[PDB]
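Structure data follow from start_14.tsv (TSV, C-alpha atoms):
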chain	number	residue	atom	x	y	z
S	1	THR	CA	16.72	2.79	6.62
S	2	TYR	CA	17.77	-0.56	8.13
S	3	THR	CA	14.50	-2.38	8.67
S	4	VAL	CA	12.21	-4.88	7.01
S	5	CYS	CA	13.43	-4.37	3.46
S	6	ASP	CA	11.19	-3.00	0.76
S	7	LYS	CA	9.66	-5.58	-1.57
S	8	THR	CA	11.30	-3.88	-4.56
S	9	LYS	CA	14.80	-3.62	-3.07
S	10	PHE	CA	15.80	-7.23	-3.54
S	11	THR	CA	16.41	-8.54	-7.00
S	12	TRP	CA	16.81	-12.05	-8.41
S	13	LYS	CA	20.52	-12.59	-8.03
S	14	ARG	CA	19.91	-16.33	-8.10
S	15	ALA	CA	16.49	-18.00	-8.27
S	16	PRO	CA	15.94	-20.93	-5.81
S	17	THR	CA	18.63	-23.47	-6.62
S	18	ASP	CA	19.91	-26.63	-4.87
S	19	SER	CA	22.19	-25.53	-2.01
S	20	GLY	CA	24.85	-28.03	-2.98
S	21	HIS	CA	23.94	-30.55	-0.31
S	22	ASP	CA	20.22	-31.39	-0.27
S	23	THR	CA	18.47	-28.16	0.56
S	24	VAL	CA	17.78	-25.19	-1.70
S	25	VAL	CA	19.17	-21.65	-1.76
S	26	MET	CA	18.45	-18.34	-3.42
S	27	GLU	CA	20.41	-15.15	-3.86
S	28	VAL	CA	19.07	-11.59	-3.81
S	29	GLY	CA	20.64	-8.18	-4.29
S	30	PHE	CA	19.53	-4.97	-2.59
S	31	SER	CA	18.71	-1.56	-3.97
S	32	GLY	CA	19.03	0.89	-1.08
S	33	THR	CA	18.55	-0.20	2.52
S	34	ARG	CA	21.62	-1.21	4.56
S	35	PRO	CA	21.52	-4.72	6.22
S	36	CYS	CA	17.78	-5.18	6.21
S	37	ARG	CA	15.48	-7.95	7.34
S	38	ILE	CA	14.04	-9.31	4.10
S	39	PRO	CA	10.55	-10.89	4.25
S	40	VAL	CA	11.32	-14.31	2.78
S	41	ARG	CA	8.66	-16.96	2.48
S	42	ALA	CA	7.84	-19.68	-0.01
S	43	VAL	CA	4.85	-21.22	-1.70
S	44	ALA	CA	4.36	-24.47	-3.57
S	45	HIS	CA	4.33	-24.13	-7.38
S	46	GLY	CA	2.89	-20.60	-7.25
S	47	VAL	CA	0.28	-21.79	-4.75
S	48	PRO	CA	0.15	-20.43	-1.18
S	49	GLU	CA	-1.38	-23.73	-0.05
S	50	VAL	CA	1.39	-24.33	2.42
S	51	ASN	CA	4.40	-22.18	3.21
S	52	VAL	CA	7.21	-24.36	1.88
S	53	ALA	CA	9.74	-21.97	3.34
S	54	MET	CA	11.44	-24.18	5.86
S	55	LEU	CA	14.43	-21.97	6.04
S	56	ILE	CA	17.72	-23.73	6.55
S	57	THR	CA	18.91	-20.16	7.04
S	58	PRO	CA	16.04	-18.35	8.81
S	59	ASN	CA	17.60	-14.88	8.95
S	60	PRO	CA	18.54	-13.33	5.60
S	61	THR	CA	19.79	-9.76	5.77
S	62	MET	CA	20.72	-7.70	2.74
S	63	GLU	CA	24.15	-6.25	3.09
S	64	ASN	CA	26.49	-4.50	0.61
S	65	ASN	CA	26.36	-7.70	-1.51
S	66	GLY	CA	22.63	-8.08	-1.11
S	67	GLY	CA	20.95	-10.75	0.98
S	68	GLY	CA	23.66	-13.21	0.18
S	69	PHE	CA	22.21	-16.69	0.16
S	70	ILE	CA	18.98	-17.90	1.68
S	71	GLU	CA	18.33	-21.54	2.44
S	72	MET	CA	14.87	-23.05	2.23
S	73	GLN	CA	13.31	-26.48	1.73
S	74	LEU	CA	10.34	-28.81	2.08
S	75	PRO	CA	9.59	-32.49	1.17
S	76	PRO	CA	10.09	-33.08	-2.62
S	77	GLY	CA	7.85	-31.05	-4.90
S	78	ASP	CA	7.74	-27.50	-6.23
S	79	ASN	CA	9.19	-24.91	-3.87
S	80	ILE	CA	9.16	-21.28	-4.93
S	81	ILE	CA	10.50	-18.52	-2.72
S	82	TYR	CA	8.55	-15.33	-2.31
S	83	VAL	CA	10.87	-12.62	-1.09
S	84	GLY	CA	8.28	-9.95	-0.40
S	85	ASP	CA	7.08	-9.53	-3.98
S	86	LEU	CA	10.00	-11.44	-5.52
S	87	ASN	CA	9.03	-14.92	-6.69
S	88	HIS	CA	10.56	-17.85	-8.54
S	89	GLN	CA	9.65	-21.54	-8.61
S	90	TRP	CA	12.11	-24.40	-8.22
S	91	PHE	CA	11.41	-28.10	-8.49
S	92	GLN	CA	13.24	-29.81	-5.65
S	93	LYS	CA	13.64	-33.54	-6.08
In C-alpha coordinates, how does this file's structure come out?
Amino acid sequence: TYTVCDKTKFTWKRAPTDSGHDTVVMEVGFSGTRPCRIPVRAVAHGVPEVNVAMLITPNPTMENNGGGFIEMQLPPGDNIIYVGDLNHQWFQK
(Lines of atoms letter the chains of each structure in order from A and count residues from 1; the text may use other names and numbers.)
(Lines give C-alpha, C1' and ligand atoms only; values in the text may rest on other atoms or scores of the structure.)
Protein backbone atom coordinates (compact mmCIF):
# COMPACT_ATOMS: atom_id res chain seq x y z
CA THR A 1 0.00 0.00 0.00
CA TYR A 2 2.59 2.59 -1.08
CA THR A 3 1.03 5.90 -0.12
CA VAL A 4 1.00 8.44 2.68
CA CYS A 5 2.21 6.14 5.44
CA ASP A 6 0.06 5.27 8.41
CA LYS A 7 0.78 7.24 11.57
CA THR A 8 1.52 4.00 13.44
CA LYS A 9 3.88 2.50 10.82
CA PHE A 10 6.90 4.62 11.64
CA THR A 11 8.71 4.08 14.88
CA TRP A 12 11.36 6.08 16.73
CA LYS A 13 14.53 4.71 15.23
CA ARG A 14 16.30 7.91 16.25
CA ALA A 15 14.65 10.92 17.89
CA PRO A 16 15.58 14.36 16.39
CA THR A 17 19.34 14.64 16.73
CA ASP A 18 21.96 17.05 15.31
CA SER A 19 22.64 16.03 11.69
CA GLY A 20 26.38 16.24 12.18
CA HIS A 21 26.75 19.63 10.53
CA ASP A 22 24.33 22.23 11.91
CA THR A 23 20.89 20.93 11.11
CA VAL A 24 18.93 18.18 12.83
CA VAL A 25 17.90 14.68 11.72
CA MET A 26 15.62 11.90 12.83
CA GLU A 27 15.31 8.25 11.94
CA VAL A 28 12.13 6.20 11.65
CA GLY A 29 11.39 2.57 10.88
CA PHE A 30 8.33 1.26 9.06
CA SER A 31 5.86 -1.45 9.93
CA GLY A 32 4.18 -2.48 6.68
CA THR A 33 3.88 -0.10 3.74
CA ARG A 34 6.56 -0.18 1.03
CA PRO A 35 8.33 3.19 0.23
CA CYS A 36 5.67 5.49 1.59
CA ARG A 37 5.34 9.23 1.88
CA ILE A 38 5.55 9.88 5.61
CA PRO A 39 3.74 12.97 6.97
CA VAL A 40 6.62 14.69 8.74
CA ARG A 41 6.17 18.03 10.44
CA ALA A 42 7.56 19.67 13.55
CA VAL A 43 6.40 21.82 16.42
CA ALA A 44 8.26 23.93 18.94
CA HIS A 45 8.64 22.32 22.39
CA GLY A 46 5.38 20.37 22.06
CA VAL A 47 3.64 23.55 20.88
CA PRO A 48 2.16 23.84 17.37
CA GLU A 49 2.76 27.60 17.50
CA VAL A 50 4.90 27.51 14.41
CA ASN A 51 5.84 24.55 12.24
CA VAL A 52 9.57 24.31 12.94
CA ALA A 53 9.88 21.66 10.27
CA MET A 54 12.14 23.39 7.82
CA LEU A 55 13.14 20.19 6.21
CA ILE A 56 16.69 20.03 4.97
CA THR A 57 15.41 16.82 3.41
CA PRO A 58 11.78 17.54 2.39
CA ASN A 59 10.91 14.08 1.05
CA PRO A 60 11.25 11.19 3.51
CA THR A 61 10.06 7.84 2.22
CA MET A 62 10.04 4.67 4.29
CA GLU A 63 11.80 1.89 2.52
CA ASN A 64 12.99 -1.58 3.67
CA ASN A 65 15.14 0.22 6.29
CA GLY A 66 12.38 2.59 7.27
CA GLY A 67 12.33 6.29 6.43
CA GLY A 68 16.05 6.50 6.75
CA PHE A 69 17.01 9.95 7.94
CA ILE A 70 14.96 13.11 7.87
CA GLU A 71 16.51 16.54 8.11
CA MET A 72 14.73 19.44 9.78
CA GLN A 73 15.65 22.73 11.44
CA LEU A 74 14.65 26.20 12.58
CA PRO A 75 16.42 29.12 14.40
CA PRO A 76 17.77 27.96 17.83
CA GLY A 77 15.16 26.74 20.29
CA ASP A 78 13.16 23.57 20.85
CA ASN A 79 12.37 21.65 17.67
CA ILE A 80 10.33 18.47 17.94
CA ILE A 81 9.39 16.42 14.91
CA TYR A 82 5.87 15.11 14.56
CA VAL A 83 5.87 12.24 12.12
CA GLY A 84 2.13 11.76 11.83
CA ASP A 85 1.51 10.78 15.45
CA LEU A 86 5.19 10.19 16.26
CA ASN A 87 6.70 12.98 18.35
CA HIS A 88 9.96 13.79 20.11
CA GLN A 89 11.46 17.10 21.22
CA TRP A 90 15.04 18.17 20.59
CA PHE A 91 16.76 21.32 21.81
CA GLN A 92 18.76 22.70 18.91
CA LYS A 93 21.38 25.24 19.92
Kindly indicate which residue among S:39, S:16, S:29, S:46 lies nearest to residue 71 of chain S, using all atoms listed in the file for the distances.
S:16
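Separating atom CA of residue 23 of chain S from atom CA of residue 81 of chain S is a distance of 12.9 Å.
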Write out as CSV the residues of segment 13-69 of chain S that have any atom within 12 Å of an atom of segment 75-78 of chain S, one row each with the nearest atom pair and its distance in Å to one decimal, counting all atoms listed in the file, sorted by chain and then rising number.
residue,atom,partner,partner_atom,distance
S:16,CA,S:78,CA,10.5
S:17,CA,S:78,CA,11.6
S:18,CA,S:76,CA,12.0
S:22,CA,S:76,CA,10.5
S:23,CA,S:75,CA,9.9
S:24,CA,S:76,CA,11.1
S:42,CA,S:78,CA,10.0
S:43,CA,S:78,CA,8.3
S:44,CA,S:78,CA,5.3
S:45,CA,S:78,CA,4.9
S:46,CA,S:78,CA,8.5
S:47,CA,S:78,CA,9.5
S:48,CA,S:78,CA,11.5
S:49,CA,S:78,CA,11.6
S:50,CA,S:78,CA,11.2
S:51,CA,S:78,CA,11.3
S:52,CA,S:75,CA,8.5
S:53,CA,S:75,CA,10.7
S:54,CA,S:75,CA,9.7
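Using all atoms listed in the file, the smallest distance between any of S:66, S:90, S:73, S:58 and residue 11 of chain S comes from S:66.
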Please determine, counting all atoms listed in the file, which residue among S:84, S:70, S:92, S:60 has the shortest atom-to-atom distance to residue 8 of chain S.
S:84
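The shortest atom-to-atom distance to residue 64 of chain S, with all atoms listed in the file taken into account, belongs to S:34 out of S:41, S:88, S:34, S:93.
Among the candidates S:62, S:38, S:72, S:4, the residue lying nearest to residue 25 of chain S is S:72 (atoms considered: only C-alpha atoms).
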Would you mind reading off the distance between atom CA of residue 59 of chain S and atom CA of residue 19 of chain S, one decimal, in Å?
16.0 Å
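The environment of residue 33 of chain S within 9 Å, counting all atoms listed in the file and disregarding residues fewer than 3 places along the same chain, consists of residues 1, 2, 3, 5, 6, 9, 30, 36, 62 and 63 of chain S.
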So the first atom is atom CA of residue 61 of chain S and the second is atom CA of residue 12 of chain S; what is the distance between them in Å, to one decimal place?
14.7 Å
Pick the closest to residue 37 of chain S from S:85, S:80, S:65, S:10: which is it, counting all atoms listed in the file?
S:10
